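A short write-up of the structure that comes next.
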Amino acid sequence: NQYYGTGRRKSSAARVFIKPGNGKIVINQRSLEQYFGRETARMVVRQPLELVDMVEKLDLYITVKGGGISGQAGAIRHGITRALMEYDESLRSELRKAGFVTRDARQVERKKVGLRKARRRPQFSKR
Amino acid sequence: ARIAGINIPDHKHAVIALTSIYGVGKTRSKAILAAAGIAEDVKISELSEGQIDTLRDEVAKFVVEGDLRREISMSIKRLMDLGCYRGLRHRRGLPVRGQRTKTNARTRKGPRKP
Amino acid sequence: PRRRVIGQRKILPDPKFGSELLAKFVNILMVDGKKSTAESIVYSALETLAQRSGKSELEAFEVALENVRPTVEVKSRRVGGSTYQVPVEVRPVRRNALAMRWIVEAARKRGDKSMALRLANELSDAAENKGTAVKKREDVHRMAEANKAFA
Amino acid sequence: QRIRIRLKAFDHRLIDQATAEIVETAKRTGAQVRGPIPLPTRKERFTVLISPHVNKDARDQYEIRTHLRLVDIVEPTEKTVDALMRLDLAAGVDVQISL
Amino acid sequence: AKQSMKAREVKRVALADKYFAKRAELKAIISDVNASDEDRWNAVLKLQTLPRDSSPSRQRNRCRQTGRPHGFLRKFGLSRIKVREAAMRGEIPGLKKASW
Amino acid sequence: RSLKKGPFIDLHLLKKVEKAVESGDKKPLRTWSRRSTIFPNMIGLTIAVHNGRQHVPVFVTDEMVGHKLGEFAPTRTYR
RNA sequence: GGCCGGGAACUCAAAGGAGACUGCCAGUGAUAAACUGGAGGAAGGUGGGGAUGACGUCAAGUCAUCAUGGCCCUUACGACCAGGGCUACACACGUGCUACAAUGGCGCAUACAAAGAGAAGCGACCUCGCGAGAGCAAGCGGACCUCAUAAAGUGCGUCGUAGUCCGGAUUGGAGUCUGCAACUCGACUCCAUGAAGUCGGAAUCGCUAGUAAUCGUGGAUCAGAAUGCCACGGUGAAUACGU
């Protein structure tokens with residue numbers, strides 16, 4: 001028996017599986033250190049578990065696709081949050097109060113005719 | 001060190017120091033160093049006399065100074081004497097190889113208001 | 001704006017020392033969308049400063065900031081086709097922002113080898129209470145003192 | 001011996017009508033079929049200037065959508081192929097059969 | 001456009017269709033690496049001897065309804081103005097105003 | 001231009017040059033073909049080449065071989 | 001090695017649905033409309049972005065995309081052809097790209113995307129060339145094959161404030177490809193030369209969030225010719241006391 005979670009951020013998707021015992025992590029058949037070589041990234045992936053007292057009581061199996069480092073980290077965190085809610089169903093208050101439960105939904109704005117970016121406008125000359 | 005008719009710096013790696021010759025670039029430098037057999041991370045001031053002699057012999061296979069200067073000279077004056085389009089431009093001081101003259105052309109023209 | 005309300009945007013603590021102040025400092029030092037470069041510069045400079053001063057990085061940083069924070073500034077006004085320089089107070093958040101910006105601007109204009117060395121030297125000089133940032137603070141205080149009749 | 005049918009159109013109501021007709025007719029004659037799998041749509045986009053002479057920031061943007069469907073039948077009989085080749089479809093649907 | 005400018009294109013297309021086969025390979029053996037020493041000298045000469053209007057690169061895409069030589073779309077065979085008119089009247093299947 | 005294709009020249013000029021050099025003549029040869037390369041065979045004649053308005057005469061020399069005939073008939077007037 | 005048997009759970013594909021309404025709790029207010037907070041929820045007050053342009057103004061733009069009243073020429077202001085010009089050069093302006101470096105340049109090694117196009121077309125693997133390319137030659141009218149390697153980043157060296165191992169105009173010599181034909185007047189490649197410029201006077205412009213700044217990718221027009229136009233994603237800030 002396992003516990004499941006799905007996460008999304010920007011253009012990235014993540015699948016998370018949780019079991020009990022002897023904390024260890026694999027992302028795409030690799031360890032945290034080999035995959036994420038960014039301290040901010042590791043801290044984001046570890047935040048939800050540290051917020052609770054289950055740092056060393058569960059095993060995690062994770063897969064991810066799409067986007068970049070920050071987006072993938074956010075997706076993984078969201079997936080972990082959903083999995084923990086499913087598994088326990090009593091940490092919802094703490095997780096919500098921290099803010100991990102909401103789906104961040106700011107995408108890239110499209111380019112528009114007559115502009116050179118989403119909002120940048122060419123130079124002007126009153127003459 | 002004094003390899004060709006000129007002297008060359010004695011505190012920088014050889015692959016760069018050789019470039020001070022008029023006719024050797026970053027390709028010929030590496031080629032000459034490889035043919036001689038010296039490491040390219042070498043300061044010239046650490047060389048011996050025989051190594052320098054080998055370098056001189058290697059460098060003595062390309063047209064380097066004086067001769068190539070004369071070569072470009074004769075080329076340009078051959079064009080000018082012939083009197084073709086390129087020669088006319090060469091004497092008149094404007095860009096050959098097309099390019100715009102309504103604006104720019106300042107490398108071949110000079111500072112504003114000659 | 002005219003009829004708007006400005007809300008606070010959540011900031012995230014720095015990885016090793018959980019310092020919101022240090023996250024803000026990295027942001028202000030940051031340039032061109034690159035954050036890792038700024039983080040490396042900040043950490044290297046802080047480590048060398050701690051080695052030089054024999055205290056904690058947080059303590060050294062806080063002493064530097066305390067020696068550069070301002071308390072009164074001057075704001076322009078137009079009256080009778082003329083300009084007056086009315087003195088006004090400063091809020092704590094603005095104090096912090098001004099201090100950090102002045103420190104970074106002073107550091108960027110020195111002549112050492114690397115930015116890390118520049119920042120370490122600037123922070124040490126500030127801690128000893130001499131340098132361009134403290135000069136600027138003194139000038140601001142003097143210009144505020146010269147205009148106390150227009151309060 | 002397996003038949004594969006590919007359907008293309010500019011309108012999804014029409015494509016659904018045609019595909020339902022195909023599947024029901026095929027099932028009426030014994031053979032078994034795997035349902036219609038939907039495949040990605042295609043979007044072709046055009047940008048045009050709307051004034052006759054000079055204005056460059058006035059433009060219109062248009063698109064065309066192409067919808068696609070797949071059906072496959074595995075163990076047929078002799079009469080099913082006859083019926084399928086005899087069938088008829090609407091005007092705006094394109095059908096391809098591969099053996 | 002002008003009637004003469006329209007006739008020119010018909011002439012060019014006809015001549016290209018006429019001499020396609022001759023120009024194709026019997027003359028383009030110049031790219032052959034083992035043809036002969038100078039059995040391709042005559043190839044180049046008798047290639048340049050042919051009419052100039054038979055080379056496909058001397059044709060310009062014009063609108064089928066008006067003749068305009070600027071603003072051409074290959075999918076429709078028309079210019080931007082006539083594309084817009086037909087689209088609004090509703091005569092191009094599948095086309096509509098797009099937004100996203 | 002690319003090698004393994006050969007130089008370029010027009011047949012109606014090649015024939016005239018061949019005839020003149022085979023026989024003996026000195027009157028100028030008219031040409032509108034500013035795009036024909038100069039051959040060793042052509043040394044010692046006078047070719048009048050078009051430039052848009054008139055025919056400019058060029059007297060061939062050994063140093064001109066391998067260029068285009070159009071480099072000795074300029075087309076624009078200045079000062 | 002999803003490579004094999006298999007499975008229909010999950011990611012994903014495109015069809016029918018549910019959801020957000022000041023609907024609920026408290027306070028202010030004229031028994032009113034509404035306003036300021038809170039709970040639950042992925043989302044809260046027109047949640048983010050787009051299409052959508054009122055009666056009218058400027059005798060505003062377009063007889064050269066098209067159509068059309070009046071005037072004008074018709075052995076010519078109407079056809080056909082080769083060669084030139086629109087690419088000129090003392091000088092003045094508007095929109096851009098690339099710098100003037102160490103938050104960096106050069107070498108070696110290695111993470112992580114989205115959206116598009118392909119029949120006279122896109123073209124793999126193999127051999128030859130230092131290179132742009134050449135010769136044979138599969139697959140693909142395509143969630144199947146081809147275009148097709150993302151870059152900034154990350155690790156280890158080297159350069160040590162010099163007009164430099166910064167910057168890259170301009171010029172000589174050898175070639176490649178498309179095209180009947182690259183002189184005037186094409187794009188690329190190798191060898192050599194190595195310019196101005198050290199953050200820019202009085203003026204002056206854009207931007208309130210996944211925005212500005214920065215790094216790469218694609219498409220129409222097209223035999224060949226983008227730094228311009230229209231699209232796509234990665235990293236990702238500062239400040240708003242007030243009128």
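Side-chain atoms are counted along with the backbone in the values below, which use heavy atoms only and exclude waters and symmetry mates. Protein chains get the first letters and strands the later ones, always in sequence-line order, with residue 1 at the start of each.
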Output yes when at least one side-chain N/O atom of [X] is less than 4.0 Å from OP1 or OP2 of [N], else no.
X	N	result
D:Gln61	G:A231	yes
D:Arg42	G:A13	no
C:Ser40	G:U103	no
C:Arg2	G:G242	no
A:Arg119	G:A209	yes
F:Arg79	G:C89	no
F:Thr75	G:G85	yes

Output the single nucleotide from [options] whose closest atom is nearest the side chain of [X].
X	options	value
F:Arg76	G:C191, G:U184, G:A14	G:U184
E:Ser4	G:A240, G:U176, G:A79	G:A79
E:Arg74	G:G172, G:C232, G:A223	G:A223
F:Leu3	G:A209, G:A51, G:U176	G:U176
F:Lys5	G:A15, G:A181, G:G50	G:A181
F:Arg35	G:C183, G:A15, G:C112	G:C183
A:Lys10	G:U11, G:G234, G:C177	G:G234
E:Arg52	G:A82, G:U184, G:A51	G:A82
D:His67	G:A51, G:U65, G:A15	G:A15
F:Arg1	G:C177, G:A212, G:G234	G:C177

Between [N] and [M], would you say there is a Watson-Crick or G-U pair if both relevant distances must stay under 3.5 Å?
N	M	result
G:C230	G:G218	yes
G:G27	G:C35	yes
G:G116	G:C147	yes
G:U127	G:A134	yes
G:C126	G:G135	yes
G:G85	G:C71	no
G:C136	G:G163	no
G:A231	G:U217	yes
G:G53	G:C80	no
G:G160	G:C89	no

Problem set entry | Pair E:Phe76 + D:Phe46: ring centers closer than 6.0 Å |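 Ring centres of D:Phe46 and E:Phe76 closer than 6.0 Å.
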
Exercise. Hey, is NZ on B:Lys43 packed in by over 12 heavy atoms from elsewhere, all under 6.0 Å?
Worked result: no

Rounded distance in Å - [atom1] ([X]) to [atom2] ([N]):
X	N	atom1	atom2	result
A:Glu33	G:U154	CD	P	17 Å
A:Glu109	G:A115	CD	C1'	18 Å
D:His12	G:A13	NE2	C1'	16 Å
A:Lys117	G:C232	NZ	P	14 Å
A:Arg110	G:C230	CZ	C1'	10 Å
E:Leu73	G:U65	CG	P	18 Å
C:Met115	G:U161	CE	P	20 Å
F:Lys4	G:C128	NZ	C1'	15 Å

For this session: Indicate whether any N or O donor in one side chain lies under 3.5 Å from an N or O acceptor in the other, for F:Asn51 and F:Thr75.
Result: no

Problem set entry | Side-chain donor-acceptor pair present, A:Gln29, A:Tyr35, cut-off under 3.5 Å | no

For this session: Using the six-membered ring of each base, decide whether G:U161 stacks on its neighbour G:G160 (centre distance under 5.5 Å, planes under 30°).
Result: no

Exercise. Looking at G:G218 next to G:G219 in the strand, do their six-membered base rings stack, centres under 5.5 Å and planes under 30°?
Worked result: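 Stacking test on this dinucleotide step: yes.
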
Exercise. With a 4.0 Å cut-off on heavy atoms, is F:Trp32 in touch with a base, just the backbone sugar-phosphate, or nothing at all?
Worked result: sugar-phosphate

Exercise. Looking for any heavy atom pair under 4.0 Å, which part of the strands does E:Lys27 touch: base, sugar-phosphate only, or nothing?
Worked result: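 Nothing, no nucleic acid heavy atom in range.
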
hbond_proxy [X] side chain to [N] base (donor-acceptor, 3.5 Å cutoff):
X	N	result
B:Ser75	G:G172	no
A:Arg9	G:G210	yes
F:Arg34	G:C183	yes
B:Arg97	G:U170	no

Exercise. Would a distance-only check, ignoring hydrogens and angles, find a side-chain to backbone donor-acceptor pair under 3.5 Å from D:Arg6 to D:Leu70?
Worked result: no

Exercise. Does G:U221 sit syn or anti, given that only angles within 90° of 0 count as syn?
Worked result: syn

Exercise. Would you call D:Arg65 and D:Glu63 a salt bridge, taking side-chain N to carboxylate O under 4.0 Å as the test?
Worked result: yes

Exercise. Looking at A:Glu33 and A:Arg30, does any basic side-chain N land under 4.0 Å from a carboxylate oxygen?
Worked result: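 Result for this pair is no, no salt bridge flagged.
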
Exercise. Which value, in whole Å, describes the distance between the P atoms of nucleotides G:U235 and G:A152?
Worked result: 15 Å

Exercise. Does the cation-pi check pass for B:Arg69 over B:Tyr22, that is, NZ or CZ under 6.0 Å from the six-membered ring centre and within 45° of its axis?
Worked result: yes

Problem set entry | Sugar of G:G201, sorted north or south by the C1'-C2'-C3'-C4' dihedral sign | north

Exercise. Relative to the 5' end of RNA chain G, which residue comes earlier, F:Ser33 or A:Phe17, by the nucleotide with the nearest heavy atom?
Worked result: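 Nearer the 5' end of the strand: A:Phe17.
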
